[PDB]
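Structure below is entry_21.cif: mmCIF, C-alpha atoms and all ligand atoms.
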```cif
data_work
loop_
_atom_site.group_PDB
_atom_site.id
_atom_site.type_symbol
_atom_site.label_atom_id
_atom_site.label_comp_id
_atom_site.auth_asym_id
_atom_site.auth_seq_id
_atom_site.Cartn_x
_atom_site.Cartn_y
_atom_site.Cartn_z
ATOM 1 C CA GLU A 80 46.862 16.446 -134.169
ATOM 2 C CA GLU A 81 49.616 18.127 -136.229
ATOM 3 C CA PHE A 82 52.184 16.265 -134.098
ATOM 4 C CA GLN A 83 53.386 12.654 -134.137
ATOM 5 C CA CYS A 84 54.183 11.450 -130.609
ATOM 6 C CA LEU A 85 57.644 9.903 -130.901
ATOM 7 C CA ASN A 86 57.831 8.799 -127.263
ATOM 8 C CA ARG A 87 56.303 9.726 -123.924
ATOM 9 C CA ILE A 88 58.897 11.161 -121.549
ATOM 10 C CA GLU A 89 57.533 11.258 -117.994
ATOM 11 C CA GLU A 90 54.312 11.586 -116.006
ATOM 12 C CA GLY A 91 53.815 14.304 -113.405
ATOM 13 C CA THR A 92 50.646 14.670 -111.325
ATOM 14 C CA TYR A 93 47.869 14.243 -113.898
ATOM 15 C CA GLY A 94 49.929 15.779 -116.712
ATOM 16 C CA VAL A 95 52.097 13.861 -119.167
ATOM 17 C CA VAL A 96 54.910 15.093 -121.430
ATOM 18 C CA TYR A 97 55.570 13.610 -124.880
ATOM 19 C CA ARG A 98 58.163 14.233 -127.589
ATOM 20 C CA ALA A 99 56.893 15.162 -131.054
ATOM 21 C CA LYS A 100 58.084 16.720 -134.309
ATOM 22 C CA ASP A 101 56.921 19.823 -136.176
ATOM 23 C CA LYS A 102 58.574 19.472 -139.596
ATOM 24 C CA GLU A 106 61.991 19.814 -135.828
ATOM 25 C CA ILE A 107 61.783 17.813 -132.600
ATOM 26 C CA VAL A 108 59.525 19.498 -130.034
ATOM 27 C CA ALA A 109 58.341 18.795 -126.493
ATOM 28 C CA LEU A 110 54.587 18.486 -125.939
ATOM 29 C CA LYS A 111 52.785 18.261 -122.594
ATOM 30 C CA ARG A 112 49.078 17.719 -121.964
ATOM 31 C CA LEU A 113 47.779 19.494 -118.876
ATOM 32 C CA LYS A 114 45.851 17.885 -116.032
ATOM 33 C CA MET A 115 42.262 17.037 -116.949
ATOM 34 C CA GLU A 116 39.346 18.181 -114.793
ATOM 35 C CA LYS A 117 36.027 16.454 -114.163
ATOM 36 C CA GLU A 118 34.105 19.746 -114.156
ATOM 37 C CA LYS A 119 33.638 21.462 -117.538
ATOM 38 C CA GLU A 120 31.841 24.773 -116.989
ATOM 39 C CA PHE A 122 37.673 26.082 -119.110
ATOM 40 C CA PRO A 123 39.819 24.174 -116.603
ATOM 41 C CA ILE A 124 40.981 26.383 -113.745
ATOM 42 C CA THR A 125 44.060 24.260 -113.015
ATOM 43 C CA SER A 126 45.031 24.321 -116.697
ATOM 44 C CA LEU A 127 44.676 28.116 -116.827
ATOM 45 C CA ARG A 128 46.736 28.613 -113.658
ATOM 46 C CA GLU A 129 49.569 26.548 -115.140
ATOM 47 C CA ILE A 130 49.301 28.482 -118.415
ATOM 48 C CA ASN A 131 49.385 31.857 -116.657
ATOM 49 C CA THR A 132 52.501 31.112 -114.607
ATOM 50 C CA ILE A 133 54.521 29.644 -117.483
ATOM 51 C CA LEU A 134 53.709 32.563 -119.806
ATOM 52 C CA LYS A 135 54.654 35.228 -117.252
ATOM 53 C CA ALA A 136 57.765 33.160 -116.445
ATOM 54 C CA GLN A 137 59.117 33.295 -120.014
ATOM 55 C CA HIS A 138 62.846 33.741 -119.468
ATOM 56 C CA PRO A 139 66.134 32.413 -120.905
ATOM 57 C CA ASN A 140 66.416 30.194 -117.804
ATOM 58 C CA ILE A 141 62.831 28.945 -118.312
ATOM 59 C CA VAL A 142 61.505 26.499 -120.900
ATOM 60 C CA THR A 143 60.548 28.113 -124.209
ATOM 61 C CA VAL A 144 56.846 27.711 -125.008
ATOM 62 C CA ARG A 145 56.252 27.510 -128.751
ATOM 63 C CA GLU A 146 52.454 27.214 -128.723
ATOM 64 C CA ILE A 147 49.472 26.255 -126.573
ATOM 65 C CA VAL A 148 46.711 24.098 -128.069
ATOM 66 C CA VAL A 149 43.105 23.866 -126.870
ATOM 67 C CA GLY A 150 40.024 22.291 -128.392
ATOM 68 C CA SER A 151 38.031 19.061 -128.404
ATOM 69 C CA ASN A 152 35.278 20.938 -126.548
ATOM 70 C CA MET A 153 37.995 22.194 -124.158
ATOM 71 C CA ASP A 154 38.562 18.622 -122.940
ATOM 72 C CA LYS A 155 42.204 18.381 -124.079
ATOM 73 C CA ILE A 156 44.760 21.165 -123.584
ATOM 74 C CA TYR A 157 48.351 20.945 -124.833
ATOM 75 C CA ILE A 158 51.437 23.146 -124.496
ATOM 76 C CA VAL A 159 54.019 23.057 -127.300
ATOM 77 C CA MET A 160 57.546 23.723 -126.036
ATOM 78 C CA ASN A 161 61.101 23.523 -127.334
ATOM 79 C CA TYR A 162 62.648 20.123 -126.660
ATOM 80 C CA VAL A 163 65.472 20.107 -124.102
ATOM 81 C CA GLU A 164 68.173 17.451 -124.254
ATOM 82 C CA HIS A 165 68.177 16.307 -120.616
ATOM 83 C CA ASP A 166 66.614 16.674 -117.187
ATOM 84 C CA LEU A 167 68.929 17.159 -114.226
ATOM 85 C CA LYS A 168 67.846 14.049 -112.305
ATOM 86 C CA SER A 169 68.839 11.903 -115.295
ATOM 87 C CA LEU A 170 72.422 13.185 -115.172
ATOM 88 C CA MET A 171 72.683 12.437 -111.441
ATOM 89 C CA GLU A 172 71.935 8.785 -112.252
ATOM 90 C CA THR A 173 74.092 8.738 -115.420
ATOM 91 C CA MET A 174 77.360 10.486 -114.504
ATOM 92 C CA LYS A 175 80.613 8.724 -113.637
ATOM 93 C CA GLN A 176 82.160 11.685 -111.801
ATOM 94 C CA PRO A 177 80.619 14.527 -109.776
ATOM 95 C CA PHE A 178 79.957 17.974 -111.183
ATOM 96 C CA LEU A 179 82.838 20.427 -110.997
ATOM 97 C CA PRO A 180 82.420 23.369 -108.587
ATOM 98 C CA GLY A 181 82.617 25.799 -111.504
ATOM 99 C CA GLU A 182 79.844 23.947 -113.327
ATOM 100 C CA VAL A 183 77.779 23.823 -110.123
ATOM 101 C CA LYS A 184 78.091 27.592 -109.703
ATOM 102 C CA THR A 185 77.091 28.181 -113.332
ATOM 103 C CA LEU A 186 74.022 25.968 -112.904
ATOM 104 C CA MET A 187 73.155 27.642 -109.592
ATOM 105 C CA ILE A 188 73.533 31.112 -111.127
ATOM 106 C CA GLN A 189 71.297 29.993 -113.996
ATOM 107 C CA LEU A 190 68.815 28.565 -111.482
ATOM 108 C CA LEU A 191 68.875 31.603 -109.185
ATOM 109 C CA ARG A 192 68.383 34.068 -112.050
ATOM 110 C CA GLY A 193 65.306 32.169 -113.221
ATOM 111 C CA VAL A 194 63.901 31.998 -109.688
ATOM 112 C CA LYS A 195 64.266 35.769 -109.298
ATOM 113 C CA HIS A 196 62.162 36.260 -112.440
ATOM 114 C CA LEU A 197 59.235 34.367 -110.895
ATOM 115 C CA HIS A 198 59.256 36.158 -107.534
ATOM 116 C CA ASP A 199 59.624 39.581 -109.162
ATOM 117 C CA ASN A 200 56.543 38.603 -111.202
ATOM 118 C CA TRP A 201 54.571 37.401 -108.138
ATOM 119 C CA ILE A 202 54.963 33.747 -109.176
ATOM 120 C CA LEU A 203 55.419 30.763 -106.852
ATOM 121 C CA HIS A 204 56.486 27.462 -108.421
ATOM 122 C CA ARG A 205 56.478 25.282 -105.259
ATOM 123 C CA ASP A 206 57.697 22.157 -107.111
ATOM 124 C CA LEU A 207 61.434 22.732 -107.558
ATOM 125 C CA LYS A 208 63.126 19.368 -108.133
ATOM 126 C CA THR A 209 65.979 17.941 -110.183
ATOM 127 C CA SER A 210 63.630 16.020 -112.484
ATOM 128 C CA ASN A 211 61.888 19.359 -113.145
ATOM 129 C CA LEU A 212 65.218 21.002 -114.065
ATOM 130 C CA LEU A 213 66.209 20.781 -117.733
ATOM 131 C CA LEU A 214 69.821 21.053 -118.895
ATOM 132 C CA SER A 215 70.688 21.624 -122.540
ATOM 133 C CA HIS A 216 73.723 20.297 -124.387
ATOM 134 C CA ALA A 217 74.957 23.910 -124.554
ATOM 135 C CA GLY A 218 74.894 24.231 -120.754
ATOM 136 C CA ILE A 219 71.670 26.266 -120.656
ATOM 137 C CA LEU A 220 69.460 25.336 -117.693
ATOM 138 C CA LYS A 221 65.677 25.724 -117.858
ATOM 139 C CA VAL A 222 62.714 24.911 -115.615
ATOM 140 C CA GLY A 223 60.338 22.367 -117.100
ATOM 141 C CA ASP A 224 57.066 21.912 -115.223
ATOM 142 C CA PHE A 225 54.500 24.379 -113.875
ATOM 143 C CA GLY A 226 51.935 21.884 -112.569
ATOM 144 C CA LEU A 227 52.175 23.377 -109.069
ATOM 145 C CA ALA A 228 52.948 27.011 -109.926
ATOM 146 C CA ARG A 229 50.592 29.631 -108.502
ATOM 147 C CA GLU A 230 50.360 33.412 -108.253
ATOM 148 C CA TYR A 231 50.420 35.334 -104.971
ATOM 149 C CA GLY A 232 49.772 38.874 -103.777
ATOM 150 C CA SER A 233 51.295 41.404 -101.401
ATOM 151 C CA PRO A 234 48.661 40.872 -98.640
ATOM 152 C CA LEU A 235 49.432 37.256 -97.801
ATOM 153 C CA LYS A 236 46.645 34.710 -97.369
ATOM 154 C CA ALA A 237 46.317 30.973 -96.832
ATOM 155 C CA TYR A 238 47.166 28.921 -99.918
ATOM 156 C CA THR A 239 47.611 25.210 -100.655
ATOM 157 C CA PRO A 240 48.769 23.559 -97.385
ATOM 158 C CA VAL A 241 50.396 20.416 -98.816
ATOM 159 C CA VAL A 242 52.817 21.527 -101.547
ATOM 160 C CA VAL A 243 56.321 20.625 -102.771
ATOM 161 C CA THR A 244 57.578 17.057 -103.072
ATOM 162 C CA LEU A 245 58.417 15.562 -99.683
ATOM 163 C CA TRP A 246 62.173 15.363 -100.291
ATOM 164 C CA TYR A 247 62.313 19.081 -101.174
ATOM 165 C CA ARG A 248 59.378 20.156 -98.989
ATOM 166 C CA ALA A 249 60.011 23.138 -96.735
ATOM 167 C CA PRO A 250 59.924 22.459 -92.970
ATOM 168 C CA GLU A 251 57.024 24.885 -92.484
ATOM 169 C CA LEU A 252 54.968 22.805 -94.919
ATOM 170 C CA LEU A 253 56.217 19.705 -93.095
ATOM 171 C CA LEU A 254 54.844 21.381 -89.948
ATOM 172 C CA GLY A 255 51.580 22.427 -91.623
ATOM 173 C CA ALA A 256 52.103 26.171 -91.952
ATOM 174 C CA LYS A 257 48.932 28.024 -92.926
ATOM 175 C CA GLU A 258 50.738 30.837 -94.779
ATOM 176 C CA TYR A 259 53.889 30.600 -96.891
ATOM 177 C CA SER A 260 55.495 32.719 -99.604
ATOM 178 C CA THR A 261 58.843 32.424 -101.416
ATOM 179 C CA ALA A 262 60.347 30.589 -98.443
ATOM 180 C CA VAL A 263 59.516 27.088 -99.693
ATOM 181 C CA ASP A 264 60.985 27.888 -103.118
ATOM 182 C CA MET A 265 64.319 28.915 -101.597
ATOM 183 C CA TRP A 266 64.336 25.819 -99.378
ATOM 184 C CA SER A 267 64.024 23.618 -102.470
ATOM 185 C CA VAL A 268 66.862 25.550 -104.126
ATOM 186 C CA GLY A 269 69.017 24.759 -101.100
ATOM 187 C CA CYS A 270 68.025 21.094 -101.301
ATOM 188 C CA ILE A 271 69.001 20.981 -104.984
ATOM 189 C CA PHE A 272 72.336 22.618 -104.103
ATOM 190 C CA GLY A 273 73.329 19.764 -101.801
ATOM 191 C CA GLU A 274 72.224 17.152 -104.330
ATOM 192 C CA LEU A 275 74.439 18.617 -107.069
ATOM 193 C CA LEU A 276 77.621 18.165 -105.025
ATOM 194 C CA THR A 277 76.922 14.569 -103.957
ATOM 195 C CA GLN A 278 74.819 13.379 -106.956
ATOM 196 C CA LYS A 279 72.438 12.000 -104.292
ATOM 197 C CA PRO A 280 69.284 13.442 -102.699
ATOM 198 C CA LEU A 281 70.006 15.678 -99.722
ATOM 199 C CA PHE A 282 67.033 14.625 -97.552
ATOM 200 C CA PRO A 283 65.547 11.366 -98.919
ATOM 201 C CA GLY A 284 63.018 10.931 -96.135
ATOM 202 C CA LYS A 285 60.695 7.944 -96.376
ATOM 203 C CA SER A 286 57.751 9.826 -94.833
ATOM 204 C CA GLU A 287 56.830 13.235 -93.443
ATOM 205 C CA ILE A 288 57.965 12.124 -89.980
ATOM 206 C CA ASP A 289 61.191 10.771 -91.486
ATOM 207 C CA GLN A 290 61.640 13.922 -93.583
ATOM 208 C CA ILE A 291 61.382 16.129 -90.488
ATOM 209 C CA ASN A 292 63.765 13.866 -88.562
ATOM 210 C CA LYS A 293 66.305 13.825 -91.406
ATOM 211 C CA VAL A 294 66.330 17.633 -91.566
ATOM 212 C CA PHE A 295 66.557 17.971 -87.780
ATOM 213 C CA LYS A 296 69.349 15.391 -87.465
ATOM 214 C CA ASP A 297 71.846 17.402 -89.529
ATOM 215 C CA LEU A 298 70.547 20.990 -89.354
ATOM 216 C CA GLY A 299 69.618 20.783 -85.664
ATOM 217 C CA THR A 300 66.287 21.109 -83.906
ATOM 218 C CA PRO A 301 64.772 24.586 -84.407
ATOM 219 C CA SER A 302 63.165 26.484 -81.546
ATOM 220 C CA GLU A 303 61.286 29.711 -80.855
ATOM 221 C CA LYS A 304 64.550 31.576 -80.225
ATOM 222 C CA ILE A 305 65.875 30.568 -83.661
ATOM 223 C CA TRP A 306 62.397 30.671 -85.252
ATOM 224 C CA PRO A 307 59.626 32.988 -84.000
ATOM 225 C CA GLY A 308 56.173 31.467 -84.282
ATOM 226 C CA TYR A 309 57.411 27.925 -83.633
ATOM 227 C CA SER A 310 54.942 27.488 -80.763
ATOM 228 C CA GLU A 311 52.024 28.665 -82.921
ATOM 229 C CA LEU A 312 52.863 26.094 -85.612
ATOM 230 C CA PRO A 313 49.982 23.572 -85.850
ATOM 231 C CA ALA A 314 52.322 20.570 -85.817
ATOM 232 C CA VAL A 315 54.445 21.863 -82.929
ATOM 233 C CA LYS A 316 51.289 22.613 -80.916
ATOM 234 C CA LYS A 317 50.630 18.898 -80.299
ATOM 235 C CA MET A 318 54.074 17.413 -80.947
ATOM 236 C CA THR A 319 57.649 17.475 -79.666
ATOM 237 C CA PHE A 320 60.527 16.074 -81.715
ATOM 238 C CA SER A 321 63.865 14.732 -80.524
ATOM 239 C CA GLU A 322 66.477 17.421 -79.894
ATOM 240 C CA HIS A 323 69.364 16.922 -82.326
ATOM 241 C CA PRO A 324 72.328 19.204 -81.530
ATOM 242 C CA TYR A 325 74.630 20.629 -84.198
ATOM 243 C CA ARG A 329 76.545 18.502 -89.235
ATOM 244 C CA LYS A 330 78.486 18.986 -92.478
ATOM 245 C CA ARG A 331 78.493 16.083 -94.946
ATOM 246 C CA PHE A 332 80.517 18.042 -97.544
ATOM 247 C CA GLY A 333 83.905 17.923 -95.813
ATOM 248 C CA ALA A 334 86.771 19.238 -97.971
ATOM 249 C CA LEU A 335 84.255 19.690 -100.815
ATOM 250 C CA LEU A 336 82.489 23.011 -100.146
ATOM 251 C CA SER A 337 84.235 26.305 -99.447
ATOM 252 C CA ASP A 338 83.786 28.364 -96.291
ATOM 253 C CA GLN A 339 81.611 30.839 -98.191
ATOM 254 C CA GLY A 340 79.837 27.874 -99.773
ATOM 255 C CA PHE A 341 78.757 26.709 -96.324
ATOM 256 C CA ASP A 342 77.570 30.232 -95.490
ATOM 257 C CA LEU A 343 75.515 30.419 -98.692
ATOM 258 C CA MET A 344 74.013 26.978 -98.048
ATOM 259 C CA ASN A 345 73.174 27.927 -94.453
ATOM 260 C CA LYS A 346 71.303 31.001 -95.694
ATOM 261 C CA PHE A 347 69.455 28.778 -98.176
ATOM 262 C CA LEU A 348 68.454 26.246 -95.498
ATOM 263 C CA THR A 349 67.368 28.753 -92.854
ATOM 264 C CA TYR A 350 64.583 27.593 -90.541
ATOM 265 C CA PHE A 351 63.103 31.083 -90.162
ATOM 266 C CA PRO A 352 61.377 32.072 -93.440
ATOM 267 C CA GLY A 353 62.108 35.729 -92.698
ATOM 268 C CA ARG A 354 65.836 35.076 -92.303
ATOM 269 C CA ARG A 355 65.893 32.773 -95.344
ATOM 270 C CA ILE A 356 67.958 34.263 -98.158
ATOM 271 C CA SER A 357 66.084 35.576 -101.185
ATOM 272 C CA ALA A 358 66.861 34.673 -104.787
ATOM 273 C CA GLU A 359 68.300 38.141 -105.445
ATOM 274 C CA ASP A 360 70.676 37.972 -102.471
ATOM 275 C CA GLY A 361 71.762 34.478 -103.520
ATOM 276 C CA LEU A 362 73.410 35.786 -106.687
ATOM 277 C CA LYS A 363 75.119 38.504 -104.614
ATOM 278 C CA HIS A 364 76.860 35.946 -102.387
ATOM 279 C CA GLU A 365 80.654 35.866 -102.587
ATOM 280 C CA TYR A 366 80.593 32.088 -103.160
ATOM 281 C CA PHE A 367 79.892 32.598 -106.871
ATOM 282 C CA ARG A 368 82.729 35.174 -106.860
ATOM 283 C CA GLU A 369 85.295 32.924 -105.155
ATOM 284 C CA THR A 370 88.482 31.173 -106.266
ATOM 285 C CA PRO A 371 86.662 28.416 -108.262
ATOM 286 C CA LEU A 372 84.931 30.841 -110.617
ATOM 287 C CA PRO A 373 81.874 29.590 -112.546
ATOM 288 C CA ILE A 374 82.562 27.917 -115.885
ATOM 289 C CA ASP A 375 81.162 29.154 -119.185
ATOM 290 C CA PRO A 376 77.858 27.450 -120.109
ATOM 291 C CA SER A 377 79.231 26.783 -123.598
ATOM 292 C CA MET A 378 82.202 25.050 -121.925
ATOM 293 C CA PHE A 379 80.055 22.351 -120.318
ATOM 294 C CA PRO A 380 81.381 18.822 -120.993
ATOM 295 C CA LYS A 381 79.694 16.106 -123.038
ATOM 296 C CA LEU A 382 76.560 14.373 -121.778
HETATM 297 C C1 LIG B 1 64.848 15.062 -121.725
HETATM 298 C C2 LIG B 1 63.699 15.396 -120.772
HETATM 299 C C3 LIG B 1 63.512 14.654 -119.611
HETATM 300 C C4 LIG B 1 62.465 14.912 -118.682
HETATM 301 O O1 LIG B 1 62.309 14.165 -117.550
HETATM 302 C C5 LIG B 1 61.512 15.962 -118.874
HETATM 303 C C6 LIG B 1 60.386 16.212 -117.846
HETATM 304 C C7 LIG B 1 59.139 15.547 -117.879
HETATM 305 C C8 LIG B 1 58.098 15.758 -116.952
HETATM 306 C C9 LIG B 1 58.165 16.657 -115.878
HETATM 307 C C10 LIG B 1 57.007 16.881 -114.861
HETATM 308 C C11 LIG B 1 55.620 16.770 -115.519
HETATM 309 C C12 LIG B 1 57.039 15.914 -113.629
HETATM 310 N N1 LIG B 1 58.361 15.187 -113.432
HETATM 311 C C13 LIG B 1 58.654 15.161 -111.966
HETATM 312 C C14 LIG B 1 58.249 13.759 -113.887
HETATM 313 C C15 LIG B 1 59.402 17.327 -115.834
HETATM 314 C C16 LIG B 1 60.444 17.115 -116.762
HETATM 315 C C17 LIG B 1 61.680 16.743 -120.073
HETATM 316 C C18 LIG B 1 62.759 16.468 -121.010
HETATM 317 N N2 LIG B 1 62.898 17.259 -122.177
HETATM 318 C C19 LIG B 1 62.044 18.327 -122.507
HETATM 319 O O2 LIG B 1 62.260 18.969 -123.580
HETATM 320 C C20 LIG B 1 60.971 18.606 -121.577
HETATM 321 S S1 LIG B 1 59.837 19.881 -121.835
HETATM 322 C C21 LIG B 1 59.030 19.508 -120.400
HETATM 323 C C22 LIG B 1 59.608 18.452 -119.752
HETATM 324 C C23 LIG B 1 60.774 17.875 -120.417
#
```
Could you spell out this file's structure in structure tokens?
Amino acid sequence: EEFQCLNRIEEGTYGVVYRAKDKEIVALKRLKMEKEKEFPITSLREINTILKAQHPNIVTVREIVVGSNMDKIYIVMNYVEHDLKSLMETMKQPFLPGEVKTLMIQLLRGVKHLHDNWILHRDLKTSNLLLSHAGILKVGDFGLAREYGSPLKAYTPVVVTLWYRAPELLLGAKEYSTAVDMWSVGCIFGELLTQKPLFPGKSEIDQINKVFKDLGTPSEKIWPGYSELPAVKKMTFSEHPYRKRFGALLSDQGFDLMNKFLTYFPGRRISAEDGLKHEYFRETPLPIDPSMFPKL
């Protein structure tokens, strides 16, 4: 109604995003449908997070449509030219370090808005990252986003896509907050440099092994509460010592920033606010203007 679906874009979870026109090309997504009808809770949770997350580095919501006896719910949003995963598969040469810093600064600023507003996204991935022709980066999907409070409690155990899933979720952590989001940001950082996924594990066991092979095998000394972890209680993985795959590509401060991103201990994991304060973004390859981004 009121929109002509030009072409469906992609399917995520039970939600699907189309491309329509107003008079102006728009982006339209229908939220996940629920069997129980007695207003959908999952639809409301997605609506709440995306509204509170309204930010220049977040997708612009034009309208939200409900009706049909509350069976169908739609969210009208401004159409973005590209999604980041598409560029990775359709670029001849890797992103410049200045462009990477600009995208990371855009990403980190948007992440800080969510956490300051008690918002957890938990589904940070390249295909969920939208890049405009003008260099503006926005976050697209909120199908996993959820609110959290100061007194922490148990939430959704299995969250985040396996490739970007935090190790604590890979080890079945009962409580998690803001640590998984920063882990995904670190995973996206490595992908940008190499145009390839950082940890493309085939399964949860493979995902844990891939992380441990390069980042080493964590322990109680480097991670308090490792013994109490439900997975580590009845399991013991192979000890992998030491590995940098970005030789002569990432600066010394770049490695330090990445190490803080991919920190095994959630407490020692760098926050979004401290990420922007790292000297890597203030190094010799200064970030490039968003308006100066090359052609797509
Ligand atoms: C050019 C372009 C490509 C895309 O892959 C997506 C997009 C479509 C689905 C999702 C989620 C459900 C799930 N994805 C993992 C499949 C995320 C992004 C989008 C896009 N352009 C847009 O304007 C918008 S608005 C919301 C989305 C988009």
Using only C-alpha atoms and all ligand atoms, find the one residue out of A:131, A:173, A:152, A:210 that sits nearest to ligand LIG 1 (chain B). A:210
Please check which protein, DNA or RNA residues sit within 10 Å of ligand LIG 1 (chain B), counting only C-alpha atoms and all ligand atoms, and write them as JSON, numbers by chain. {"A": [87, 88, 89, 90, 91, 92, 93, 94, 95, 96, 97, 98, 99, 107, 108, 109, 110, 111, 112, 113, 114, 142, 143, 144, 158, 159, 160, 161, 162, 163, 164, 165, 166, 167, 168, 169, 206, 207, 208, 209, 210, 211, 212, 213, 214, 215, 221, 222, 223, 224, 225, 226, 227, 244]}
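Between CA of residue 339 (chain A) and CA of residue 365 (chain A) the separation is 6.7 Å.
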Could you write out as a ChimeraX atom specification the residues that the PyMOL selection byres (((chain A and resi 367) around 10) and not hetatm) matches in the shown file? /A:180-181,183-185,187-188,339-340,343,361-366,368-373
Counting all atoms listed in the file, what is within 12 Å of residue 232 (chain A), bar same-chain residues fewer than 4 positions away, as a PyMOL selection string? chain A and resi 198-203+236-238+259-261
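Our summary of the geometry notes that CA of residue 258 (chain A) is positioned 17.5 Å from CA of residue 303 (chain A).
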Non-local contacts of residue 291 (chain A) (7 Å; only C-alpha atoms; under 4 positions in same chain excluded) as a PyMOL selection string: chain A and resi 250+253+287+295
Writing out the chosen residues with C-alpha atoms as a PDB file, keeping the file's coordinate frame:
```pdb
ATOM      1  CA  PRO A 250      59.924  22.459 -92.970  1.00  0.00           C
ATOM      2  CA  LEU A 253      56.217  19.705 -93.095  1.00  0.00           C
ATOM      3  CA  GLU A 287      56.830  13.235 -93.443  1.00  0.00           C
ATOM      4  CA  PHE A 295      66.557  17.971 -87.780  1.00  0.00           C
TER       5      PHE A 295
END
```
Spatial neighbours of residue 358 (chain A), 7 Å, all atoms listed in the file, chain gap at least 4 places, as a PyMOL selection string: chain A and resi 191+194-195+362
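Separating CA of residue 220 (chain A) from CA of residue 272 (chain A) is a distance of 14.2 Å.
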As JSON, what would the box around region 160-164 of chain A look like: edges along x, y and z, 5 Å added on every side, centre and edge lengths in Å to one decimal?
```
{"center_x": 62.9, "center_y": 20.6, "center_z": -125.7, "size_x": 20.6, "size_y": 16.3, "size_z": 13.2}
```
Considering all atoms listed in the file, state which residue in the set A:354, A:334, A:269, A:317 is at the smallest distance from residue 305 (chain A). A:354
